[PDB]
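Just so you know, these numbers use all the heavy atoms, side chains as well, and skip hydrogens, waters and symmetry mates. In the text below, chain A, chain B and the rest are named by the order of the sequence lines, each starting its count at 1.
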Amino acid sequence: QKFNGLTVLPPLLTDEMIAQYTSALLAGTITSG
Amino acid sequence: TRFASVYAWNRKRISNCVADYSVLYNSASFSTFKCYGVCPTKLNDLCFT
Amino acid sequence: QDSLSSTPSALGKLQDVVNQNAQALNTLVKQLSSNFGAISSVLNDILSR
Amino acid sequence: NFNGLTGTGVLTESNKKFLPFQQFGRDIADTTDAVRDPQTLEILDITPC
Ligand SMILES: *[C@@H]1O[C@H](CO)[C@@H](O)[C@H](O)[C@H]1NC(C)=O
């Protein structure tokens with residue numbers, strides 16, 4: 001694909017960043033309902 | 001010196017050689033010089049099997 | 001945890017998105033092999049001949 | 001320009017095991033991605049710049 005003008009762009013948020021958001025949501029739910 | 005008839009036309013195989021088509025294309029001796037699928041001026045830098 | 005570990009199709013919905021996008025790109029590239037009525041799919045062949 | 005085959009890219013030595021009758025390889029886009037050098041018989045990989 002690459003060599004025919006077709007490319008792929010990276011996400012703005014990384015998998016680590018997404019995991020961090022998820023952790024924050026879980027931490028909130030558990031400690032503060 | 002001698003050519004073949006049209007009913008029993010002669011096939012000469014040309015191979016294993018370096019061609020030069022500028023001697024033919026730039027010759028005024030030919031009344032007809034019609035190429036199909038290839039341009040006479042580009043024929044001088046192509047290869048064939 | 002066990003259900004997901006032992007069920008290959010559990011995440012089919014996410015895999016389907018990946019597969020559909022891959023299918024579209026592969027199709028797009030393969031179309032470069034089509035002549036579309038031209039003598040050759042390769043542009044360089046046309047220009048050189 | 002390899003035996004009439006024109007293009008642009010980076011040439012490197014290939015590890016592809018060509019058979020004696022094969023001069024080039026092709027990709028799914030119908031582009032050439034490897035050639036045999038007409039004089040050294042070395043197989044070269046072709047990768048766009
Ligand atoms: C000429 O080409 C042949 C392959 O077709 C190769 O084996 C030979 O070494 C070449 N000769 C020279 C002087 O490169």
Side-chain angles (χ1 to χ4, degrees), chain A residues 4-10, chain B residues 3-4 6-12 14 17-19 21 24-25 28-30 33-43 45-49, chain C residues 18-22 24-49, chain D residues 1-12 14-18 20-22 24-26 29 32-49:
Chain A
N4 290 288
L6 309 176
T7 190
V8 176
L9 305 174
Chain B
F3 275 53
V6 75
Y7 73 87
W9 55 270
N10 182 33
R11 183 161 280 171
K12 178 69 177 179
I14 298 168
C17 59
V18 180
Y21 299 96
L24 299 173
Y25 184 56
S29 70
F30 296 120
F33 197 105
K34 295 181 180 179
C35 296
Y36 308 87
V38 65
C39 195
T41 63
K42 295 183 180 296
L43 187 61
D45 62 19
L46 302 175
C47 292
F48 300 114
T49 56
Chain C
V18 172
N19 290 347
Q20 288 173 3
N21 288 333
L25 286 171
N26 284 333
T27 299
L28 184 64
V29 173
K30 287 179 182 178
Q31 287 295 103
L32 292 170
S33 298
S34 294
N35 287 336
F36 297 114
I39 62 171
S40 176
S41 66
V42 179
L43 184 59
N44 287 336
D45 288 343
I46 293 167
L47 293 169
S48 72
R49 290 166 46 183
Chain D
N1 180 328
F2 288 95
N3 293 329
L5 174 65
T6 61
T8 307
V10 177
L11 305 174
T12 65
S14 180
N15 65 339
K16 292 180 180 181
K17 303 296 184 181
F18 277 37
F21 57 86
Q22 301 176 310
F24 62 77
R26 291 185 187 270
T32 300
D33 67 1
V35 297
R36 184 189 299 277
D37 185 282
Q39 296 175 23
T40 65
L41 303 178
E42 184 175 83
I43 305 301
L44 304 172
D45 286 336
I46 301 171
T47 300
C49 302

Any side-chain heavy atom of [X] within less than 4.5 Å of one from [Y]?
X	Y	answer
B/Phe48	B/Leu43	yes
C/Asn35	C/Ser41	yes
D/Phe2	D/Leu11	yes
D/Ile46	D/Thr32	yes

What are the two closest non-hydrogen atoms of [X] and [Y], and how far apart are they?
X	Y	value
D/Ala29	C/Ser33	C-OG, 3.3 Å
D/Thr6	C/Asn44	O-ND2, 3.5 Å
B/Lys34	B/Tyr36	O-CE1, 3.5 Å
D/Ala34	D/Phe18	CB-CZ, 3.8 Å
B/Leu46	C/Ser48	CD2-O, 3.6 Å

Checklist entry - So, C/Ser34 side chain and C/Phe36 main chain: donor-acceptor pair closer than 3.5 Å or not? => result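 Such a contact is absent between C/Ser34 side chain and C/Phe36 backbone.
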
Hey, what do you get for [atom1] ([X]) to [atom2] ([Y]), rounding to the nearest 0.5 Å?
X	Y	atom1	atom2	result
D/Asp33	D/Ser14	CG	OG	8.0 Å
B/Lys42	C/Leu47	NZ	CG	7.5 Å
B/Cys35	B/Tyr25	SG	OH	8.0 Å
C/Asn26	C/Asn21	CG	CG	11.0 Å

Item to check | side-chain hydrogen bond (donor to acceptor under 3.5 Å, both in side chains) involving D/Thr40 - partner list, sequence neighbours excluded | outcome: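 Counting only residues at least two positions away or on another chain, D/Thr40 forms a side-chain hydrogen bond (donor to acceptor under 3.5 Å, both in side chains) with D/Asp37.
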
Checklist entry - What residues form a side chain to side chain contact (heavy atoms under 4.5 Å, CB included) with C/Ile39, not counting sequence neighbours? => result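 C/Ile39 satisfies side chain to side chain contact (heavy atoms under 4.5 Å, CB included) with C/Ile46, C/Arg49 only.
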
